[PDB]
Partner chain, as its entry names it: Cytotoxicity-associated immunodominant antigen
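Next up is one chain by itself, shown in structure tokens, the form solved without its partner chain.
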């Protein structure tokens, strides 16, 4: 029945140059899941570093709006990251279909995005490469941030000004800039900076002047100004941005705060027993959850949600 572990591969839903993503079915539960398959035999050093960083990141993130990791399968030649499947697909697709989002809907999505990126930042993680393909949707139209493994058509229009001026290109401030671009695209359905070429693009970014769409609220535009600051050391933190008026319109008793991760349940008597009857030991279930092993036992545990 299965192609790898407990998974019947179904359909390629994404191709990168060094990685394929497949839609697949867990067999014991029959849930749909995303499998990232990386051929390590093709990868050079920087690629390999990038990959092991990805695995590190994925094992740690536990957010409603970032794709969740279920299992890692390692062989010498090939690595598999089994993660959550977002059936809504790319937010890019959605924009092309229905045009720009009304500020109400953009806000709902953007509160999610900001929550997720600031969560990462809390854990001293910066994505450094937020572009359109990183924003996916679940079936209820929730945001799902995807891919921390960098896998040049998408990149440039989301690049912070530092890139083009030789300055260091690390730090949460990079992501803050990208969030501005993303915001602009949600409400306008287009990019703040584009060019017919790389120099055009670079001049427009270094200038940092986007053009204001006539239909756009002044509240939105004050939000934009908080993200798209040229000087990296003068850009706000997402924690500060969270307090923003536009961020909170319609949540007047529900301001946006940093995500508080809920305490772990590695001892669900319900699921545990169902796995003892399914052929696992209790010491092995607990040891896998607490050792946070992301093994076959852990995958089954989480997938019974």
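Residue numbers count along the first chain shown, from 1.
The discussion below concerns the form solved in complex with its partner chain, not included here.
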*Identify, from the list 105, 221, 203, 129, the residue with a heavy atom within 4.5 Å of its partner chain in the bound PDB entry.*
129
*Which residue among 180, 172, 232, 157 has a heavy atom within 4.5 angstroms of its partner chain in the bound PDB entry?*
157
_Which is the contacting stretch out of 106-114, 75-83, 137-145, 92-100, given heavy atoms within 4.5 Å of its partner chain in the bound PDB entry?_
92-100
*Does the 4.5 Å heavy atom contact test between residue 152 and its partner chain in the bound PDB entry come out positive?*
yes
*asked:* in the bound PDB entry, does residue 165 come within 4.5 Å of its partner chain, counting heavy atoms only?
replied: yes
*residue 208 within 4.5 Å of its partner chain in the bound PDB entry, heavy atoms*: no
*Any of the heavy atoms of residue 191 lying within 4.5 Å of its partner chain in the bound PDB entry?*
yes
